[PDB]
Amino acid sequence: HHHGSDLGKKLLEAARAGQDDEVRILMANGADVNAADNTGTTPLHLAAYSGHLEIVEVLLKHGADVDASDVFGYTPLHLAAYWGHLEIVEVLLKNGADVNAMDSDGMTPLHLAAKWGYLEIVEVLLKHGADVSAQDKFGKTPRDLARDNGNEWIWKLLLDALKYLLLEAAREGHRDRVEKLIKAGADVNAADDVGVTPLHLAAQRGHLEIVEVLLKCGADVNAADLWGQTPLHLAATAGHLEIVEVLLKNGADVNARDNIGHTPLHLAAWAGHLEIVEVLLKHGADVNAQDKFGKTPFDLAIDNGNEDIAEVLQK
């Protein structure tokens, strides 16, 4: 006998034709929701492609395999993303779909959403852990596919938004957001119009945890803003000694000059952070450095009455 096979075929065709009620009557009368045609296409594939959200939901509640792949390796999530069905994308992810499934060519759902500039879908995929730098067997990334189809400006908008959010998270000290943004593709070395990078902000506002994360992820420890200030300049001014150390342990230049000629020692002796001076001195800070006014860090320590600092600098 072959009643089960007969029901499966009728279900596939009812789904292929967008006959929601016919699909659900067949299901109610025993049709196998995990049936598949010659190409491995299942009913869930067809509902995800056609955008029939109600059918996607009931199929999943009836045990449809959310990650079923056809002969080319497409899952329902691949189709939902390629054909621009945001709600279905969200439902499949809620039901355990592999966000980073690969087809035979190695393309992920994020590849396909990026290709058409479906920004809302791109962002949900990244929120669920989509591999932002994934490459297919030919080395093409989601950004590459967007550019090839004239949608690069939409990917640049994504990156601009991630850049804004990373700077905000680094300035406000939100460790968890920083990590999730970096993993979603945020450029750790992005800078605003005045050359301030996330590391500048974290070091200035005293967010040690984020300084370590940014450096581990490749932030330039000696990046200079518009005024020539490195993160060590700002940390020395604000008085964050643990950050001063970390920056030095990661290769910060102790004698970096801003535009006025100030080294971190100029700024620390001025600010009155004695131990910072001692750490800088221990790390080879040049006590003889003169700024644009010909003044040394010793000259600045006097002008602030930090005789303890002006005494150790003498030694």
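So that there is no doubt, residue numbering starts at 1 and follows the sequence shown.
- Taking the mean C-alpha B-factor of each stretch as recorded, 222 to 230 and 239 to 247 are not equal, and the higher mean is that of 239 to 247.
- Higher mean CA B-factor, judged across 150 to 158 and 205 to 213 from the recorded values: 205 to 213.
- Listed residues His283, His45, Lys61, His52 were ranked by CA B-factor as deposited; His283 comes out on top.
- The residue among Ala289, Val66, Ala256, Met27 whose C-alpha carries the highest B-factor in the deposited model is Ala289.
- Annotation for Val279: C-alpha temperature factor in the highest third relative to the rest of the modelled chain, per the entry.
- In the deposited entry, the Cα temperature factor of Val33 places it in the middle third of its chain's modelled residues.
- In this PDB entry, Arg175 carries a Cα temperature factor that places it within the highest third of its chain's modelled residues.
- In this PDB entry, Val56 carries a Cα temperature factor that places it within the lowest third of its chain's modelled residues.
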